[PDB]
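Structure data (mmCIF, C-alpha atoms and all ligand atoms) from start00.cif:
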```cif
data_start
#
loop_
_atom_site.label_atom_id
_atom_site.label_comp_id
_atom_site.auth_asym_id
_atom_site.auth_seq_id
_atom_site.Cartn_x
_atom_site.Cartn_y
_atom_site.Cartn_z
CA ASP L 1 -113.18 20.57 -122.97
CA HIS L 2 -115.74 23.30 -122.25
CA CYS L 3 -117.34 24.61 -119.06
CA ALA L 4 -121.00 23.58 -119.26
CA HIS L 5 -121.92 26.39 -116.85
CA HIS L 6 -120.13 29.27 -118.61
CA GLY L 7 -119.35 27.89 -122.08
CA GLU L 8 -115.68 28.84 -121.74
CA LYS L 9 -112.53 26.80 -122.26
CA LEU L 10 -111.48 24.48 -119.42
CA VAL L 11 -107.79 25.43 -119.29
CA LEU L 12 -107.20 26.39 -115.64
CA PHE L 13 -106.31 23.93 -112.87
CA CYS L 14 -107.13 24.99 -109.31
CA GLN L 15 -104.70 23.60 -106.75
CA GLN L 16 -107.09 24.01 -103.80
CA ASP L 17 -109.85 21.93 -105.40
CA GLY L 18 -108.06 19.76 -107.95
CA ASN L 19 -110.63 20.79 -110.57
CA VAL L 20 -110.24 21.95 -114.16
CA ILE L 21 -112.17 25.20 -114.53
CA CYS L 22 -112.70 28.14 -116.88
CA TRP L 23 -111.73 31.77 -116.36
CA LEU L 24 -115.26 32.71 -115.25
CA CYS L 25 -115.22 29.84 -112.76
CA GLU L 26 -112.00 31.38 -111.42
CA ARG L 27 -113.93 34.58 -110.63
CA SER L 28 -116.74 32.89 -108.69
CA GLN L 29 -116.83 32.78 -104.90
CA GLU L 30 -115.99 29.06 -105.09
CA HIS L 31 -112.35 29.91 -105.89
CA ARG L 32 -112.13 33.34 -104.28
CA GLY L 33 -108.56 32.90 -103.03
CA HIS L 34 -107.35 29.82 -104.89
CA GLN L 35 -104.12 29.43 -106.86
CA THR L 36 -104.66 28.38 -110.47
CA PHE L 37 -102.21 27.21 -113.12
CA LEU L 38 -102.45 26.40 -116.81
CA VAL L 39 -103.57 22.80 -117.36
CA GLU L 40 -100.63 22.44 -119.75
CA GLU L 41 -98.14 23.17 -116.93
CA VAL L 42 -99.30 20.71 -114.24
CA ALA L 43 -100.03 17.64 -116.40
CA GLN L 44 -96.51 16.22 -116.15
CA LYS L 45 -96.38 16.58 -112.36
CA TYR L 46 -99.62 14.66 -111.89
CA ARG L 47 -98.95 12.19 -114.71
CA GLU L 48 -95.77 10.97 -113.02
CA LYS L 49 -97.51 11.05 -109.62
CA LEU L 50 -100.20 8.69 -110.92
CA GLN L 51 -97.70 6.50 -112.81
CA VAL L 52 -95.82 5.71 -109.59
CA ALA L 53 -99.08 5.19 -107.70
CA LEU L 54 -100.31 2.77 -110.38
CA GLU L 55 -97.02 0.85 -110.31
CA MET L 56 -96.95 0.48 -106.53
CA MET L 57 -100.55 -0.76 -106.48
CA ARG L 58 -100.00 -3.19 -109.35
CA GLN L 59 -97.10 -4.66 -107.37
CA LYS L 60 -99.20 -4.89 -104.20
CA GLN L 61 -102.00 -6.47 -106.24
CA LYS L 62 -99.66 -8.98 -107.92
CA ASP L 63 -98.27 -10.05 -104.54
CA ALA L 64 -101.78 -10.38 -103.12
CA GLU L 65 -103.22 -12.55 -105.90
CA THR L 66 -100.23 -14.88 -106.26
CA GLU L 67 -100.89 -15.58 -102.58
CA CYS L 68 -104.63 -15.85 -103.24
CA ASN L 69 -103.84 -18.32 -106.03
CA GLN L 70 -102.03 -20.73 -103.69
CA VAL L 71 -105.13 -20.95 -101.48
CA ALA L 72 -107.48 -21.50 -104.43
CA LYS L 73 -105.02 -24.15 -105.67
CA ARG L 74 -105.79 -26.22 -102.55
CA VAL L 75 -109.57 -26.42 -103.06
CA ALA L 76 -113.77 -23.34 -96.07
CA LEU L 77 -110.92 -21.93 -98.15
CA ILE L 78 -113.68 -20.67 -100.47
CA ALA L 79 -114.69 -18.01 -97.95
CA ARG L 80 -111.03 -16.97 -97.66
CA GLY L 81 -110.85 -16.38 -101.40
CA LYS L 82 -114.07 -14.39 -100.99
CA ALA L 83 -112.51 -12.19 -98.30
CA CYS L 84 -109.49 -11.47 -100.52
CA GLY L 85 -111.90 -10.46 -103.27
CA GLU L 86 -113.71 -8.02 -100.98
CA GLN L 87 -110.55 -6.62 -99.37
CA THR L 88 -108.75 -5.87 -102.65
CA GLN L 89 -111.81 -4.35 -104.38
CA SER L 90 -110.94 -0.67 -103.90
CA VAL L 91 -107.48 -1.37 -105.33
CA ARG L 92 -108.94 -2.97 -108.46
CA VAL L 93 -111.15 0.08 -109.03
CA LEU L 94 -108.31 2.52 -108.34
CA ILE L 95 -105.95 0.66 -110.69
CA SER L 96 -108.69 0.84 -113.32
CA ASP L 97 -109.20 4.57 -112.77
CA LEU L 98 -105.49 5.40 -113.06
CA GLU L 99 -105.19 3.33 -116.24
CA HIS L 100 -108.04 5.45 -117.61
CA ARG L 101 -106.56 8.79 -116.53
CA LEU L 102 -103.09 8.00 -117.88
CA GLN L 103 -104.20 6.59 -121.24
CA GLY L 104 -106.76 9.31 -121.93
CA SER L 105 -106.71 13.08 -122.34
CA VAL L 106 -105.60 15.88 -120.02
CA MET L 107 -109.20 16.53 -118.94
CA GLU L 108 -109.78 12.96 -117.74
CA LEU L 109 -106.29 13.08 -116.22
CA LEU L 110 -106.66 16.12 -113.97
CA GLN L 111 -110.36 16.63 -113.20
CA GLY L 112 -110.83 15.75 -109.55
CA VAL L 113 -107.36 14.18 -109.67
CA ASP L 114 -106.64 15.28 -106.10
CA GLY L 115 -109.62 13.18 -105.02
CA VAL L 116 -108.05 10.09 -106.58
CA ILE L 117 -104.79 11.03 -104.85
CA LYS L 118 -106.35 10.98 -101.38
CA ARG L 119 -108.03 7.64 -102.12
CA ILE L 120 -104.62 6.26 -103.12
CA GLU L 121 -103.27 7.62 -99.83
CA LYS L 122 -105.88 5.66 -97.87
CA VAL L 123 -104.46 2.24 -98.78
CA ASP P 1 -103.30 39.57 -134.40
CA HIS P 2 -103.73 36.11 -132.87
CA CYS P 3 -101.55 33.95 -130.63
CA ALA P 4 -100.48 31.00 -132.78
CA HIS P 5 -99.88 28.93 -129.64
CA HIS P 6 -103.22 29.55 -127.89
CA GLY P 7 -105.45 30.98 -130.63
CA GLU P 8 -106.35 33.97 -128.45
CA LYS P 9 -106.24 37.70 -129.15
CA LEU P 10 -102.85 39.41 -128.88
CA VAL P 11 -103.93 42.42 -126.81
CA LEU P 12 -101.58 42.38 -123.80
CA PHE P 13 -98.14 44.01 -123.72
CA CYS P 14 -95.66 42.64 -121.19
CA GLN P 15 -93.25 45.27 -119.90
CA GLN P 16 -90.62 42.76 -118.74
CA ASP P 17 -90.29 41.12 -122.17
CA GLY P 18 -91.52 43.76 -124.61
CA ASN P 19 -93.75 41.14 -126.24
CA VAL P 20 -97.39 41.24 -127.31
CA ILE P 21 -99.12 38.22 -125.79
CA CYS P 22 -102.54 36.72 -125.14
CA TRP P 23 -104.28 36.16 -121.81
CA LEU P 24 -103.24 32.49 -121.72
CA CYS P 25 -99.64 33.51 -122.39
CA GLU P 26 -99.98 35.79 -119.36
CA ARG P 27 -100.72 32.73 -117.21
CA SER P 28 -97.71 30.69 -118.34
CA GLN P 29 -94.53 30.45 -116.27
CA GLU P 30 -92.81 32.68 -118.85
CA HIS P 31 -94.59 35.74 -117.41
CA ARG P 32 -95.19 34.51 -113.86
CA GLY P 33 -94.58 37.90 -112.23
CA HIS P 34 -94.64 40.31 -115.16
CA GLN P 35 -96.62 43.54 -115.44
CA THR P 36 -98.91 43.65 -118.48
CA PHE P 37 -100.88 46.51 -120.01
CA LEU P 38 -103.41 46.81 -122.81
CA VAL P 39 -101.69 47.22 -126.18
CA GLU P 40 -103.99 50.19 -126.79
CA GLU P 41 -102.54 52.04 -123.76
CA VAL P 42 -98.78 51.79 -124.45
CA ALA P 43 -98.74 52.43 -128.21
CA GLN P 44 -98.40 56.21 -127.90
CA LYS P 45 -95.53 55.98 -125.41
CA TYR P 46 -93.49 53.72 -127.69
CA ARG P 47 -94.58 55.46 -130.91
CA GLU P 48 -93.11 58.76 -129.73
CA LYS P 49 -90.06 56.95 -128.33
CA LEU P 50 -89.34 55.47 -131.77
CA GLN P 51 -90.14 58.72 -133.59
CA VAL P 52 -87.42 60.58 -131.68
CA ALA P 53 -84.99 57.68 -132.13
CA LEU P 54 -85.64 57.65 -135.88
CA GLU P 55 -85.14 61.41 -136.12
CA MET P 56 -81.86 61.42 -134.20
CA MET P 57 -80.48 58.58 -136.35
CA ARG P 58 -81.60 60.20 -139.61
CA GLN P 59 -79.71 63.33 -138.54
CA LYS P 60 -76.61 61.32 -137.63
CA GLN P 61 -76.90 59.48 -140.95
CA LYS P 62 -77.33 62.69 -142.95
CA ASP P 63 -74.24 64.20 -141.32
CA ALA P 64 -72.25 61.03 -141.98
CA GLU P 65 -73.08 60.70 -145.68
CA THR P 66 -72.65 64.38 -146.58
CA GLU P 67 -69.14 63.85 -145.21
CA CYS P 68 -68.84 60.55 -147.10
CA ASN P 69 -69.92 62.40 -150.26
CA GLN P 70 -67.03 64.87 -150.06
CA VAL P 71 -64.53 61.99 -150.04
CA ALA P 72 -66.21 60.21 -152.96
CA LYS P 73 -66.22 63.57 -154.77
CA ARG P 74 -62.40 63.50 -154.79
CA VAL P 75 -62.02 60.14 -156.56
CA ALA P 76 -57.23 54.68 -151.73
CA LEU P 77 -60.22 56.87 -150.88
CA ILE P 78 -62.30 53.97 -152.25
CA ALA P 79 -61.50 51.86 -149.18
CA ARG P 80 -62.50 54.79 -146.96
CA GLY P 81 -65.92 54.94 -148.61
CA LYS P 82 -66.08 51.19 -148.03
CA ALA P 83 -65.37 51.61 -144.31
CA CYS P 84 -68.12 54.22 -143.99
CA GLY P 85 -70.49 51.77 -145.66
CA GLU P 86 -69.61 49.02 -143.18
CA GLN P 87 -69.64 51.29 -140.11
CA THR P 88 -73.06 52.84 -140.80
CA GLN P 89 -74.74 49.53 -141.74
CA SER P 90 -76.52 48.86 -138.44
CA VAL P 91 -77.94 52.39 -138.56
CA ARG P 92 -79.36 51.85 -142.06
CA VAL P 93 -81.08 48.66 -140.89
CA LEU P 94 -82.37 50.28 -137.70
CA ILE P 95 -83.71 53.30 -139.60
CA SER P 96 -85.46 50.86 -141.93
CA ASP P 97 -86.95 48.91 -139.02
CA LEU P 98 -88.32 52.01 -137.28
CA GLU P 99 -89.84 53.27 -140.53
CA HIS P 100 -91.60 49.89 -140.75
CA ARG P 101 -92.81 49.89 -137.13
CA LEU P 102 -94.12 53.47 -137.28
CA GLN P 103 -95.89 53.18 -140.64
CA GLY P 104 -97.48 49.80 -139.92
CA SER P 105 -99.88 48.40 -137.33
CA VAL P 106 -99.71 48.20 -133.54
CA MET P 107 -98.53 44.58 -133.70
CA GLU P 108 -95.49 45.37 -135.86
CA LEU P 109 -94.96 48.45 -133.68
CA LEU P 110 -94.71 46.80 -130.27
CA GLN P 111 -93.68 43.16 -130.75
CA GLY P 112 -90.13 42.87 -129.46
CA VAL P 113 -90.01 46.67 -129.49
CA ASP P 114 -87.82 46.71 -126.37
CA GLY P 115 -85.25 44.73 -128.35
CA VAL P 116 -85.12 47.46 -130.99
CA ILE P 117 -84.81 50.00 -128.16
CA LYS P 118 -81.67 48.39 -126.75
CA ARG P 119 -80.14 48.19 -130.23
CA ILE P 120 -80.82 51.92 -130.64
CA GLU P 121 -79.12 52.45 -127.27
CA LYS P 122 -75.97 50.71 -128.52
CA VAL P 123 -75.11 53.39 -131.08
CA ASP T 1 -124.83 41.86 -123.43
CA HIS T 2 -121.61 42.73 -125.26
CA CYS T 3 -119.00 45.46 -124.81
CA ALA T 4 -119.34 47.71 -127.87
CA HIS T 5 -115.75 48.90 -127.39
CA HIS T 6 -114.05 45.49 -127.10
CA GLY T 7 -116.67 43.03 -128.38
CA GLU T 8 -116.35 40.91 -125.23
CA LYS T 9 -118.98 39.60 -122.84
CA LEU T 10 -120.31 42.03 -120.23
CA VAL T 11 -120.07 39.75 -117.19
CA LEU T 12 -118.02 41.76 -114.67
CA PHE T 13 -119.47 44.28 -112.21
CA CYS T 14 -117.11 46.95 -110.91
CA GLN T 15 -117.93 48.07 -107.38
CA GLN T 16 -116.09 51.40 -107.65
CA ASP T 17 -118.06 52.53 -110.72
CA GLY T 18 -121.27 50.51 -110.59
CA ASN T 19 -120.76 49.57 -114.25
CA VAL T 20 -121.02 46.24 -116.06
CA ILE T 21 -117.82 45.75 -118.03
CA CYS T 22 -115.84 43.16 -119.97
CA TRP T 23 -112.49 41.59 -119.08
CA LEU T 24 -110.60 43.98 -121.38
CA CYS T 25 -112.37 46.92 -119.76
CA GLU T 26 -111.08 45.55 -116.45
CA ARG T 27 -107.51 45.95 -117.74
CA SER T 28 -107.87 49.58 -118.85
CA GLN T 29 -106.63 52.47 -116.73
CA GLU T 30 -110.27 53.33 -115.95
CA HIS T 31 -110.44 50.41 -113.48
CA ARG T 32 -106.76 50.15 -112.57
CA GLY T 33 -107.38 49.29 -108.91
CA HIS T 34 -111.09 48.46 -108.82
CA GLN T 35 -112.72 45.39 -107.28
CA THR T 36 -114.85 43.42 -109.74
CA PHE T 37 -117.30 40.57 -109.19
CA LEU T 38 -119.29 38.29 -111.45
CA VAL T 39 -122.58 39.89 -112.49
CA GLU T 40 -124.28 36.65 -111.43
CA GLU T 41 -123.08 37.10 -107.82
CA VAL T 42 -124.19 40.69 -107.08
CA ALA T 43 -127.63 40.69 -108.75
CA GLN T 44 -129.50 39.51 -105.65
CA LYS T 45 -127.86 42.10 -103.39
CA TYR T 46 -128.87 44.97 -105.66
CA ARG T 47 -132.25 43.48 -106.60
CA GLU T 48 -133.36 43.48 -102.97
CA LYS T 49 -131.78 46.91 -102.44
CA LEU T 50 -133.92 48.34 -105.26
CA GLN T 51 -137.04 46.43 -104.17
CA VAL T 52 -136.99 48.10 -100.75
CA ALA T 53 -136.21 51.48 -102.30
CA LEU T 54 -139.14 51.11 -104.71
CA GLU T 55 -141.48 50.11 -101.88
CA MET T 56 -140.52 53.02 -99.62
CA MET T 57 -140.98 55.51 -102.48
CA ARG T 58 -144.32 54.03 -103.54
CA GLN T 59 -145.51 54.49 -99.95
CA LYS T 60 -144.23 58.07 -99.84
CA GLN T 61 -145.88 58.71 -103.20
CA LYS T 62 -149.20 57.17 -102.12
CA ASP T 63 -149.26 59.33 -98.98
CA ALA T 64 -148.42 62.44 -101.02
CA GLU T 65 -151.12 62.00 -103.67
CA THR T 66 -153.94 61.01 -101.31
CA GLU T 67 -153.17 64.37 -99.69
CA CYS T 68 -152.97 66.04 -103.11
CA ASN T 69 -156.36 64.50 -103.93
CA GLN T 70 -158.08 66.18 -100.98
CA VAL T 71 -156.95 69.60 -102.23
CA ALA T 72 -158.05 68.91 -105.81
CA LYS T 73 -161.37 67.69 -104.37
CA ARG T 74 -162.04 71.23 -103.09
CA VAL T 75 -161.72 72.99 -106.46
CA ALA T 76 -155.67 79.26 -106.06
CA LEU T 77 -155.63 75.61 -105.00
CA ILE T 78 -154.78 74.91 -108.66
CA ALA T 79 -151.26 76.29 -108.19
CA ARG T 80 -150.87 74.11 -105.09
CA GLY T 81 -151.67 71.00 -107.12
CA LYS T 82 -149.12 72.29 -109.63
CA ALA T 83 -146.44 72.57 -106.93
CA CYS T 84 -147.11 69.00 -105.77
CA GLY T 85 -146.70 67.88 -109.38
CA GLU T 86 -143.33 69.61 -109.68
CA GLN T 87 -142.05 68.53 -106.25
CA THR T 88 -142.84 64.82 -106.70
CA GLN T 89 -141.49 64.62 -110.27
CA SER T 90 -138.10 63.07 -109.50
CA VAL T 91 -139.87 60.39 -107.45
CA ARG T 92 -142.17 59.49 -110.35
CA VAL T 93 -139.17 59.09 -112.65
CA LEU T 94 -137.20 57.09 -110.07
CA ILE T 95 -140.16 54.79 -109.39
CA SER T 96 -140.41 54.26 -113.14
CA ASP T 97 -136.70 53.49 -113.44
CA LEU T 98 -136.71 50.93 -110.62
CA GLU T 99 -139.78 49.22 -112.09
CA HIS T 100 -137.79 48.93 -115.33
CA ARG T 101 -134.62 47.62 -113.68
CA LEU T 102 -136.45 45.03 -111.57
CA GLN T 103 -138.72 43.70 -114.33
CA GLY T 104 -135.99 43.52 -116.97
CA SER T 105 -132.67 41.72 -117.37
CA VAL T 106 -129.50 41.74 -115.29
CA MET T 107 -127.87 44.25 -117.64
CA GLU T 108 -130.62 46.85 -117.23
CA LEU T 109 -130.62 46.02 -113.52
CA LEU T 110 -126.97 46.70 -112.70
CA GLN T 111 -125.56 49.10 -115.31
CA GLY T 112 -125.00 52.40 -113.55
CA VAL T 113 -127.12 51.03 -110.70
CA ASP T 114 -124.99 52.85 -108.12
CA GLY T 115 -126.00 56.10 -109.82
CA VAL T 116 -129.68 55.30 -109.27
CA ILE T 117 -128.80 54.43 -105.66
CA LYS T 118 -127.35 57.87 -104.95
CA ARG T 119 -130.37 59.55 -106.56
CA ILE T 120 -132.61 57.49 -104.27
CA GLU T 121 -130.46 58.65 -101.35
CA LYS T 122 -131.10 62.30 -102.25
CA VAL T 123 -134.82 62.18 -101.43
ZN ZN J 201 -116.83 27.91 -115.87
ZN ZN J 202 -110.64 26.39 -106.47
ZN ZN J 203 -107.55 -12.90 -104.71
ZN ZN J 204 -100.84 32.95 -126.18
ZN ZN J 205 -93.46 38.71 -119.75
ZN ZN J 206 -71.12 56.80 -146.78
ZN ZN J 207 -114.94 46.25 -122.76
ZN ZN J 208 -114.18 50.43 -112.23
ZN ZN J 209 -150.24 65.38 -106.51
#
```
When written as structure tokens, how does the structure in this file appear?
Amino acid sequence: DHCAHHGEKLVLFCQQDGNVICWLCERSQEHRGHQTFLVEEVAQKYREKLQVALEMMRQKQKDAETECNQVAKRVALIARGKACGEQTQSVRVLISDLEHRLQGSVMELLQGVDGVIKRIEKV
Amino acid sequence: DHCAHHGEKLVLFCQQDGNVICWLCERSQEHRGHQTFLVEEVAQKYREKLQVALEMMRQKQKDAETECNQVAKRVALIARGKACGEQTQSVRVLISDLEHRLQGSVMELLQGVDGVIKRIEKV
Amino acid sequence: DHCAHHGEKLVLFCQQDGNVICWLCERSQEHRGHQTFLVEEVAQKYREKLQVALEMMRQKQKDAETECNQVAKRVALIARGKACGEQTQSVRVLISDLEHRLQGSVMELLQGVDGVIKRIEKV
């Protein structure tokens, strides 16, 4: 909950970068013309954004594996089950990440959140 | 002298609200587009504004009661003295408030000061 | 490294004044419309600016005294050596100041630096 570089409170959320920063960070050239908000005023927006993204991926994952289960119930179908495992990997990691961000604190929720958003957009 | 919500120093005076706030308060949506100044740079303006308002009300109160004393010196004049007591109430409370704001600290002086101004304007 | 007036960290450099100030200083009327930067982001600019200024004055001083040495090697030439001592005084003090600013910390480097710049410009 503290900026390791400046030793100040991490309480500002930059919309350009999706990072949680301190007031001295806000002055640096990195965020010269960036719009910041209080962490306490963007949490709900992103929390609901990740909740829906988690739900839609859980549904897509449930559909995928119920199908993958029928194949495995027949047993080279083995290589097909291997493909499904490799294709759905990034979803399993993303689902895990969102479950961590939602259950945890506001720091874990928002830091680099916009990066997790764009990864969700990819699938 | 501290913001109970954010634990920061109350050193900023918002002109839109007439409140003494902290730097994190200044970031919240409550003061999205409000002009703030240092508490130490608006005290004199408001101090003299309240001094004159106190003086003009003390004079109006002195005139009123000297008149109210003549009536009571006759003794239903009793109900007339009761009316005067009810009519001049808000002035007695305002005079008291200003005496508290002027004698005390800068916090008591400026917090919600603009609210006391508009009440002074009413009479 | 602390603002004696406000007790806050001296981490902001005002370009209009050439002073190192705190965030409460930045709010005062003194710097109403001044551009500030992080001390950590202007040090290099001024450090190199003073390095070149020191070098050019050391060279001008070396040339001057080697000439002053020839005169003193003859010995009223004494009054001429006295004039040289009085003429080159401000350079000897400026050279000393720059050597102090460059060797020391960022505070000593930048505080009132722009004042030392204009004195360097005079010669
Ligand atoms: Zn920082
Ligand atoms: Zn940024
Ligand atoms: Zn599968
Ligand atoms: Zn506050
Ligand atoms: Zn306000
Ligand atoms: Zn009366
Ligand atoms: Zn200061
Ligand atoms: Zn300035
Ligand atoms: Zn000489």
(message) Should the cut-off be 9 Å, what would the residue list for chain P against chain L look like, counting all atoms listed in the file, as an MDAnalysis selection string?
(response) chainID P and resid 24 27:29
(request) Fewer than 4 positions away in the same chain doesn't count, so skip those; otherwise give me all residues within 8 Å of residue 50 of chain L, counting all atoms listed in the file, as a list in words. (result)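 Neighbouring residues, sequence-local ones excluded: residues 46, 54, 98, 102 and 117 of chain L.
The closest residue to ligand ZN 206 (chain J), picked from P:123, P:113, P:95, P:64 and counting only C-alpha atoms and all ligand atoms, is P:64.
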(request) May I ask you to write as a PyMOL selection string all residues lying at most 8 Å from ligand ZN 206 (chain J), with all atoms listed in the file counted? (result) chain P and resi 64-69+81-82+84-85+88
Only C-alpha atoms, please: the residues just picked out, written as a PDB file, in the frame of the given file.
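Generated output (out.pdb):
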```pdb
ATOM      1  CA  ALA P  64     -72.250  61.030-141.980  1.00  0.00           C
ATOM      2  CA  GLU P  65     -73.080  60.700-145.680  1.00  0.00           C
ATOM      3  CA  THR P  66     -72.650  64.380-146.580  1.00  0.00           C
ATOM      4  CA  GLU P  67     -69.140  63.850-145.210  1.00  0.00           C
ATOM      5  CA  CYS P  68     -68.840  60.550-147.100  1.00  0.00           C
ATOM      6  CA  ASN P  69     -69.920  62.400-150.260  1.00  0.00           C
ATOM      7  CA  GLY P  81     -65.920  54.940-148.610  1.00  0.00           C
ATOM      8  CA  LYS P  82     -66.080  51.190-148.030  1.00  0.00           C
ATOM      9  CA  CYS P  84     -68.120  54.220-143.990  1.00  0.00           C
ATOM     10  CA  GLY P  85     -70.490  51.770-145.660  1.00  0.00           C
ATOM     11  CA  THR P  88     -73.060  52.840-140.800  1.00  0.00           C
TER      12      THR P  88
END
```
(request) Between atom ZN of ligand ZN 207 (chain J) and atom CA of residue 4 of chain T, measure the distance and give it in Å to one decimal. (result)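 Atom-to-atom, atom ZN of ligand ZN 207 (chain J) to atom CA of residue 4 of chain T, that is 6.9 Å.
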(message) Using Å and a single decimal, report how far atom CA of residue 94 of chain L sits from atom ZN of ligand ZN 202 (chain J).
(response)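 Computing the Euclidean distance for atom ZN of ligand ZN 202 (chain J) and atom CA of residue 94 of chain L yields 24.1 Å.
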(message) What does the structure give for the distance between atom CA of residue 72 of chain P and atom CA of residue 89 of chain P, in Å to one decimal?
(response) 17.7 Å
(request) List all protein, DNA and RNA residues that have any atom at most 6 Å from ligand ZN 201 (chain J), counting all atoms listed in the file, and write the list as a PyMOL selection string. (result) chain L and resi 3+5-6+21-22+24-25
(message) ligand ZN 202 (chain J): which residues are within 7 Å, counting only C-alpha atoms and all ligand atoms? Reply as a PyMOL selection string.
(response) chain L and resi 14-17+19+30-31+34
(request) Just the residues within 12 Å of residue 97 of chain T, please, counting all atoms listed in the file, with nothing from its chain fewer than 2 positions along; format it as an NGL selection string. (result) :T and (50-51 or 53-54 or 57 or 90-95 or 99-104 or 108-110 or 112-113 or 115-117 or 119-120)
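Checking L:77, L:42, L:106, L:83 one by one against ligand ZN 203 (chain J), counting all atoms listed in the file, you find the shortest gap at L:83.
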